[PDB]
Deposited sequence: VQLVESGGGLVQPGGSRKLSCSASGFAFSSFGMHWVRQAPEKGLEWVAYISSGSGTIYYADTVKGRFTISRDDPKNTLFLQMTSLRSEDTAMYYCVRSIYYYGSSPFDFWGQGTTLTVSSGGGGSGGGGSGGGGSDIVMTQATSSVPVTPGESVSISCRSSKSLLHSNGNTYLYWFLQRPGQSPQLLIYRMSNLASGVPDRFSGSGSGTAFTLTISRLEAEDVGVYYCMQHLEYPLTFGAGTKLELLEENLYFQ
């Protein structure tokens, strides 16, 4: 599975730029797609979502009316037409896939990201930084303004790990399920509006920033971010 973004660069304020996301190694037409941007020295922010078959589209309020998201299934390309660019739009834009059915894992893969330069439920992660040592268990807590436990029994909380210099990686989906390819030492638990991520026998690769995202309803909001440092 690969997701390569292109089209980013330095633009003047008020201009327009086109972002392209080339998808390969998987069935692109079956996956809903997301754009998530990360401002420099800032957290992750969800931008837009186009469903499978382009039948459903959602936008963030900060970009609604200005950004256009589209996909080219025969060419396996995802597009993001951006207009009326502001200085607040300077970020790294990530191409993210997500497939939705019973027992699926949304946000399983993240793209490399492209650099763009311009010349609601609240997720609370109070502890921004945590001093950690290898081999020691680390716990990260998250809070939500609204109860993420839906009436169908599911609690829609997602955990992501962004190693320095790399794209974010899904660890836990729906607050309890361990993602594929993730070591079993990671575990998630929670109830109602409070959740915890436990990292037993922390290693060097576990160093990074941990975000908790809610998927109970749109817009999709992340946490501030908790950084683990040696």
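Residues of the deposited sequence lacking C-alpha coordinates, counted from 1, fall in the stretches 120-135, 247-254.
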